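So the chains spell out like this:
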Amino acid sequence: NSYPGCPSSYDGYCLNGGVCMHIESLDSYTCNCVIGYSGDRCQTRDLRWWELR
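Residues numbered from 1 in each chain as written, not as in the entry; some residues may be left out. Heavy atoms only, no water.

- The record lists solution NMR as the method behind this PDB entry.

The structure is reproduced here in structure tokens:
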């Protein structure tokens with residue numbers, strides 16, 4: 001089940017926000033994109049539109 005989890009890294013692999021997880025798998029470690037942007041890692045950022053702080 002979806003649950004936070006990522007090696008010491010994943011501390012800034014994604015520019016935009018990002019919710020670190022491990023996904024039910026022998027590996028897989030990433031940060032879920034956000035509301036307003038997506039792609040490889042929300043790189044396709046629809047600019048300031050949502051959360052400022």
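Now that the structure has been shown, we can carry on.
## Notes on the packing of aromatic side chains
The geometry of an aromatic ring pair comes down to the distance between the two centres and the angle between the two planes.
(1) Moving on: All told, the structure shown has 3 aromatic pairs when counted by the stated rule.
(2) Moving on: Where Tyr-10 meets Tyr-29, the ring centres are 6.1 Å apart and the plane angle is 45°; that geometry is what we call tilted. Here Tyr-10 is found in the segment before β1 (19-21), whereas its partner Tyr-29 is found in the loop between β1 and β2 (30-32), with 19 residues between them in sequence.
(3) Moving on: Residue classification places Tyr-10 among the partly exposed residues on the basis of a relative accessible area of 34%.
(4) Moving on: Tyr-29 gets classed as partly exposed once you look at its relative accessible area, which sits at 34%.
(5) Moving on: Relative to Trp-50, the ring of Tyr-37 lies with its centre 6.1 Å away and its plane at 35°, an arrangement referred to as tilted. Remark: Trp-50 occurs in the segment after β4 (44-45) and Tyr-37 occurs in strand β3 (residues 37-38); sequence separation between them is 13 residues.
(6) Moving on: Classification of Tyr-37 as buried rests on a relative accessible area of 7%.
(7) Moving on: Feature note: the residues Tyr-10, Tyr-13 and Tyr-29 constitute an aromatic cluster, connected by ring pairs. (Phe/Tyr/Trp six-rings, centres within 6.5 Å; stacked < 30°, edge-to-face > 60°. Helix = DSSP H or I, 4+ residues; strand = E, 2+ residues; numbered from the N terminus. Buried < 20%, exposed > 50% of the residue type's maximum accessible area, 1.4 Å probe, protein only.)

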